[PDB]
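I have placed the structure first, in the form of C-alpha cells, so that the comments after it can refer back to it.
Note: ideal-geometry Cβ built from the backbone for every residue, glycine included; neighbour counts use all protein chains shown. Basis: the model, the stated rules and, where named, an outside source; no laboratory instrument gave them.
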Ligand SMILES: CC(C)(COP(=O)(O)OP(=O)(O)OC[C@H]1O[C@@H](n2cnc3c(N)ncnc32)[C@H](O)[C@@H]1OP(=O)(O)O)[C@@H](O)C(=O)NCCC(=O)NCCS
Ligand SMILES: *C(=O)CCCC[C@@H]1SC[C@@H]2NC(=O)N[C@@H]21
Ligand SMILES: *C(=O)CCCC[C@@H]1SC[C@@H]2NC(=O)N[C@@H]21
C-alpha cells in the first residue's frame, strides 16, 4: 500500500532537510549513511522504525518525530551476523529518553541471547531534560546490559561526535 | 546345517497357510509383508525368532507356536537406523503373553539405549485370558518403558486392525497415532459389555471406527485408504523428524530460491471485513515446494498445524483458519495446538505462527466444558518454549487472545505485521458502547464516535508506536524475511532455573 | 513530617468512604482487611504505595488515584516468608492498566528470586478499556512470570469477587483455585455477549458461579461460606506445603503413636460382595490425628485425594471410593488424580494409594469424550514419579486398571495386600464364559466351572506366588507398617536420562 | 491462428520456428467478476507447424484456482477435425512419470546423519510405473544429464529437461520430441496432463507393485438427500431456484454466523426439489435447507 511507503519515506528524513545539510556542512555523515557503509550491501534489517516518545511535559507533546533519535537493527559483515545501533544527531540532538532507551535495551538483550557482536556509534547530546527522572531510568537499564555482556560477546564503540554527559 | 534352514522356513510361516489366506482376504497384509515394505531393501535384522510361551494351564501346553505373536527387529530407513515391532494377528490373535512382553521390552530398552526412533504396528486381539494375572505383569513393563522414552526419542504408532482392552493404553502414550480407515478401531470396552451395562446396542465401527476417532475424540492424527498408503506416508514423514533430542533437524539440499518474491499475496486479504480467505493457501505458498505434512487435518479445523521445509530445514507451522467458525479459539483447537507445540519444542524445531483471531468462543457449553484451562494450555505451551518463534499478524488480534498466540510479551523473538493488521482491546462498536455509555440513546452521535475510534485506533500503527511490533512489512516479501530471520535465530541459547518438571494444567 | 503521615492516610482510603461502605454492604471485606487477616500480626511490609497511572486519552487524565487498584507486599505466616498481592475493587473496578501491571510483575519476580510462595487474591472487573493496546501488554508480562515459576514455588489463587475477561487466565495457570460460595464467578465472556450471539439468556451466577465451577467444570479446588473462613483455611493449608522445590516438607511434633493397633479395621470390608463400604473412614483412621485436607471434594466423587500427616510429615493420599459408581475409573477422576500426583511429585511429597477398582466405565459417551487419553494421563503421572510410593490393595483390582493404580510394574516401591484382595484378569463369570465357550449351552456345568475358577484364582495368593505382592498383611496393623516403610524410603535416589521435558498427552 | 482462452480467484496464472505473444485480460490474483463477460486471454503465433505450436503452447498454459475450459480446447483440437492415454502418448507420459521419481530420489538420498556412506548402496534399475489402470515395466538408467528409460520390448526414449519441483509446468524433450506437460502433486505419485488426456501416475519397485494388488478397490458411497446446515447461523442468501440442477462442489447458499460469510456446497449431481428454508430464517445444527 502506498501510504506505508510514504510513511517510510517520512521516517527516513529524520529532523528535516535543513538539519541534514547543516550536518553535511560540518563534515559528518548521518546515521543511516554510516549504517549503510558499515554493513554488506542489502543486508540491513531495521527494528522499530516508528517509535515515538511518550512524554507530556513542557509542551513536548506538540513536536512528535518518529524514530526518537536512534537507528537499530542487524546485518552481516563478511557473512557473519552483527547487531548495531546508531544515535542520530538531528532528532532532538540525539538525546536519551525512555522510549529511546527501549530500543537500545531490546537490541542489547537480543544480541546477548544470540551470542553475536555489538557495534555502537555515538553522536549524542546527553539526557533530555524535559523528561525528568524517567530519563535516568533509561540510562540505568542500558548500563546493566553492558555489564552482563562483558566477556561473552565483543563490544565495539565508535565516537563520531560530541558525546558529553552521563 | 539344512536343519536350521528348515526351522527358519517353518518359523516364517506364522500360524498356518489357511490363516494367512484368511488374512489376505480381508484386505490386510501380514506382519512380515509390512516389515518388508517399510524398511530399505535388505536391511532388516531380526531378533528372537524362536521364543515360545511358558504356560501350562487350561490345555495351553499342547500348542507351542514359535514367535509368540510378535515380530521385532531393527533396520534402516534412508540410511538412518530405526527399530520396529509388529504384532501378528495369526498367532493366538496377537495377544500378550509373558514372553511376548519380554521381546517388546528388550527392543524398547535397546532402542532407548542407542537413541533411535521406534515404530509400532498394532493388529492385536487383547489380553490372553489363560495366562491369568501373569499376563498383566507383561503389560505393566511395556508401559514403564514408553514413559521413560517419552521426549527422548520420537515414537510413532500405526493401528492397522482391532485393538481392544488394556493394550490400547500403549499407543496412547506415543507422539503420533495413525489409523487405517475401514479396518481398524480402538476402545477400552467392547460392544457386549456396553450392552450388558447400558442396554445400548452399537457395532464396533460406530463405537470406535476411524471416522469417530479422527473427527470427534482427538485421539488419532490421520487416516489413510489402505496399508500401503499408510506405510509409504510413514516413511515419508520419518524424513522430517530429528533422530533424538540432541542432534538438530535433518537437512537436505533445496531446489528452491531463497530470494524470490510473490506478488499475488498483495491481493489475498479481501477488502470487505466479513469475507473470509483460506490461510492454507498462504502456508503452501511459503514452504519450499508447496509440500506440507498436515497433522490432525480432520479435527478442529479452526486451526492448522503441520511440518514444512524452509531452506532445507524442517519448520513447524501454526496458523489460524478463518474459513470455519470465524477462526475463534475454542477448547479443541487449543488442545490440538498445545500438544503440537510441546512436541516441536521438545526436539528443538523452530515455529512459525500466522495469527488472525477475533476472540474466544462464547456460550454456556464452552464454559461448562472447562474452556478456561483448555485455553490456558496453549499459553503455557508457547510461553515455556526455548526455540525460535516468528509470528505474522495478517488481519486481526482482539483482546486477550492476542496474548496467547505468541505475542512479543510471552516470548516471541520477532513479530511482523502486514499493513491490514488491526490490534485492539476489542471491536470498535463494543469499545465505544462501553466508553461513551452515558449517551447510548443517540444514534448519529454514536455513529460519529464509532467512525472516529475506528479510524484512529484500529490499525497496526499504535502498536508500532508503543514498540510491540518490530516491523511492518509489505505482504509480497514475507517469505524472504522468514528465510533470513530464522538464520540469525539458529543460536538462541538461554538459561532457566532447576525444576524436576513443570506443572502444566492438565 | 506530618504531611507525609497525611498523604499516607489518604492513600489508605482507596476510592472513598462511600464506596467502602458500599463494599461492606455486599458482605465483603476490603483488600487491606484481607491482607491484614491472612498474615501474621504486625508483619505486613508494603511496596509501591503511591504508583499512579499514565494514560491521557478519553478524559482519563483528570482522576489520578494513588495505588492504582492493587495492594502488594510481603510478610510472614507462622514465621515463614510469603509474598502476596490483592486487587482493590473500589479503585477503577480493579481494572488492569500498565502501571498497575508493573507492581504485580515486580512482586512476582522478587518472589521467584527468593524462592517463596505467592498468594493472589482476585476481585477484579476486567480490562480498563481507555488504555487501549497498552492494557494487553500488561497482561502479557504477568502471564509469562506465572509460567516461569511453575514447579519452583507453590502459587495459590483465591477468587473473592467478580473475575471476568481475559484476566481469568492469570489464576488458571496456578496450582490451586479457591472460590467463595455466593459472591464470586469466572468466565471469559459475559452474559451480554452470550445473549447477543447465541440468543440464550443466563445470569452471571448461572454462568460462572461457584457451584458450576466446583461441580461440573473442574476449575475450583474448594468452596467456603464467606471470606473469613476462606482466608483461615488458606492459612491452615499453607503450613502443609514445602516452601520450594529444594527444601523438604515441614516437620512438627506429633501427638500420635506409631505403635497403635486399630482392631475396628478387621470388620470394615463386608462379607457380602455387593454391599459397599466407605473409604473415607479408613483414610481418616490412618492419618496422624484424623485431620485431612481434602482437595476437589465435590467433583468426580468416585476418587479421593488429599493431604495428611504421618509421623509429623505431610503425605499425599489417593484412593478409590466404592460409594459412587462402584469406584470405577472415568475421565474426570483420571484427570483429577493425575494433576494431583504431578504436583506432589514436583515438590518431593510421598504418596500413599488405596486401591479398589473393578475396571473402566463403559458407554459411548466416554469413548466420544476421549477416555483413552484421559486415562493414559494418570498412568503417565504415576510411572514417571520419583518419590516414595506405597500401595494397599484393599478389596479388588481387575484388568488394566490394576496397572494404572501404582502397580509394582510401573515403579511402586512396596505393595501390600489385605487377605480379601481379589487380583485377576477379570471377573469369574466373564472369564469362564470366554474360556469354555464351546459348552456355554449348559447352566449347571458352567456353575461348576465358575465355582472352581473362583476358588482357585480369585485370591491374593496367585499374585503373591509370582512375587508381585511384597507381603499379605493383617488389616489391623496397616498404619504401623506404613509408618515404618515411609521412614526407610526417605533416601530414594534415581536418575533418568537428559530431556528438556516430557511429552505428556493432553 | 489464435487461441482465445475463456473462463467457462486465480491462485496461479503463468502464461508462456515459432514466435508467440499473449494479450492478458486479467493478471494473477484477480477474481471472477460477475459484472463483465467471461474472458481470460488471447494467445497468438505453415498450417501444420502452426497447429502444432498452438497445441504445445496451450499445454504450456497454466491456470489454477478455478475450473477453466482449456481441456475442452485441447481435446477438440486433438481430434482430426476425459480420455485415457494411448499408444503414442501413454509411453511419452510414462517416461516423464519415471524421470520425475528418479530425480526426487537422487535428491532424497542425500539426507544428513546417515550411519554409513550411502555410496555403497546400489540402486535398482527395474521399476513398474502404473497409470490409472495400465502397467508398464520400465528400466531407467543414468547416462549423463539425460536418462535412458528403456521399455520392455526395446523402445528407448532419452528424457531431457530442466524442471525443478515446484514449477507447475514440465517442459523438455523426450526422444527428440519437444513436450510440455502439466504436473500437480498428489498423495503418492503425480497428476499429469499432456494432451486432452489426464492421468494419476504412480511408480513402484517390483516387490511393492507385487504387494499393492492385494489391496481392495475402496468404494465411495453417497450422502443423504438433504443439505443439512452444519453451522448455527443466520441465513443471508439462497442463490438457486427450485428446479435447477447442480454439479458437484458448486455454491448453493450463504449464511452469516460470527459476522463472517460461510458458503454451502452441494454433493450429488441431482436437481433440487423444494427449499426447506428461506431468506433470513435462523437455523441451529441439523436443520434442513434443501431436499435433493
Ligand atoms: C475383535 C476380536 C473378537 C477378533 O476376533 P474376530 O474378528 O471376530 O475373528 P475370530 O472370531 O475368528 O477370532 C480370531 C481367532 O483368534 C482367537 N482370539 C482372538 N482374540 C483372542 C484372545 N484375546 N485370546 C485368545 N484368542 C483369541 C479367536 O479365538 C479366534 O479363534 P480362531 O483362530 O480359531 O479363528 C478380538 O480382537 C476382540 O476384540 N475380543 C474381545 C471380545 C471378547 O470378549 N472375547 C473374544 C476372545 S475369544
Ligand atoms: C458482533 O456481533 C460481535 C459479537 C461477537 C464478537 C466476536 S464473535 C464472539 C467472539 N468472542 C468475543 O469476545 N468477541 C468475538
Ligand atoms: C456383571 O453384571 C458384570 C458387569 C460388568 C462389570 C464392570 S462394568 C465396569 C467395569 N468394566 C469391566 O470390564 N468390568 C467392570
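Some observations on this one:
- The selection criterion, being part of a helix (DSSP H, G or I), at the interface with chain C (Cβ under 9 Å from one of its Cβ atoms) and within 16 Å of ligand 1 (Cβ to nearest atom), does not hold for residue B:147.
- Test for residue C:400: is it within 16 Å of ligand 1 (Cβ to nearest atom), over 28 Å from the mean Cα position of the chain (by Cα) and under 16 Å from residue C:327 (Cβ atoms): no
- Selected residue [within 12 Å of another protein chain (Cβ to nearest Cβ) and more than 9 Å from ligand 1 (Cβ to nearest atom)] from B:126, B:120, B:132: B:132
- Residues being assigned to a strand (DSSP E or B) and under 19 Å from residue B:293 (Cα atoms) - total across segment D:184-197: 4
- Subset of segment B:117-131 (residues that are surrounded by fewer than 22 Cβ atoms within 10 Å (Cβ to Cβ) and assigned to a helix (DSSP H, G or I)): B:129, B:130
- Annotation note: of C:312, C:280, the sole residue that is surrounded by fewer than 16 Cβ atoms within 10 Å (Cβ to Cβ), under 17 Å from residue C:241 (Cα atoms) and away from every other protein chain (no Cβ under 14 Å) is C:312.
- Subset of segment D:160-192 (residues that are more than 12 Å from chain B (Cβ to nearest Cβ) and within 22 Å of residue D:128 (Cβ to Cβ)): D:170, D:174, D:175, D:181, D:190, D:191, D:192
- Residue match in segment B:197-214 (condition: within 20 Å of the chain's Cα centre (by Cα) and surrounded by fewer than 19 Cβ atoms within 10 Å (Cβ to Cβ)): yes
- Residue that is surrounded by the fewest Cβ atoms within 10 Å (Cβ to Cβ), among those in segment C:355-376 that are within 7 Å of chain B (Cβ to nearest Cβ) and within 15 Å of residue B:192 (Cβ to Cβ): C:364
- Per the listing B:135, B:99, B:111, the residue uniquely within 27 Å of residue C:412 (Cβ to Cβ) and within 16 Å of ligand 3 (Cβ to nearest atom) is B:135.
- Sole residue being within 16 Å of ligand 3 (Cβ to nearest atom) and surrounded by fewer than 21 Cβ atoms within 10 Å (Cβ to Cβ), chosen from C:265, C:261, C:325: C:325
- Assessment of segment B:101-116 against the conditions (assigned to a loop (DSSP other than H, G, I, E, B) and surrounded by fewer than 23 Cβ atoms within 10 Å (Cβ to Cβ)) yields at least one matching residue.
- Count of residues meeting criterion [away from ligand 3 (no atom under 12 Å from the Cβ), assigned to a strand (DSSP E or B) and either touching a helix residue (DSSP H, G or I) at 6+ places or on another chain (Cβ under 8 Å) or at positive phi (or both)] in segment C:346-365: 5
- Condition met for residue D:48 (over 27 Å from residue B:270 (Cα atoms) and more than 18 Å from the chain's Cα centre (by Cα)): yes
- Counting residues in segment C:191-210 that are more than 16 Å from ligand 3 (Cβ to nearest atom), within 14 Å of chain B (Cβ to nearest Cβ) and over 30 Å from residue D:258 (Cβ atoms) gives one or more.
- Residue tally, condition away from chain B (no Cβ under 14 Å) and under 32 Å from the mean Cα position of the chain (by Cα), over segment D:244-279: 16
- Residue list for segment C:359-374, filter: more than 16 Å from ligand 1 (Cβ to nearest atom) and touching a strand residue (DSSP E or B) at 6+ places or on another chain (Cβ under 8 Å): C:361, C:366, C:371
- Here residue C:217 fits the description: more than 22 Å from residue C:34 (Cβ to Cβ) and in contact with a helix residue (DSSP H, G or I) (Cβ under 7 Å, 6 or more places away or on another chain).
- Residue satisfying all of: in segment B:487-506; away from chain C (no Cβ under 12 Å) and buried (at least 17 other Cβ atoms within 10 Å of the Cβ); nearest to residue B:351 (Cα to Cα) among these: B:489
- Checking each residue in segment B:163-205 for being touching a helix residue (DSSP H, G or I) at 6+ places or on another chain (Cβ under 8 Å), over 24 Å from residue B:235 (Cβ atoms), within 16 Å of ligand 1 (Cβ to nearest atom) and outside any helix (DSSP H, G or I) picks out B:185, B:187, B:188, B:190, B:201, B:202, B:203.
- Sole residue being within 9 Å of another protein chain (Cβ to nearest Cβ) and assigned to a helix (DSSP H, G or I), chosen from B:484, B:479: B:484
- Hits in segment C:282-296 - residues which are in a loop (DSSP other than H, G, I, E, B) and over 17 Å from residue C:327 (Cβ atoms): C:287, C:288, C:289, C:290, C:291, C:292, C:295
- Hey, residue B:140 in the same structural domain as residue B:47 (by CATH) and closer than 19 Å to residue B:186 by Cα or not: no
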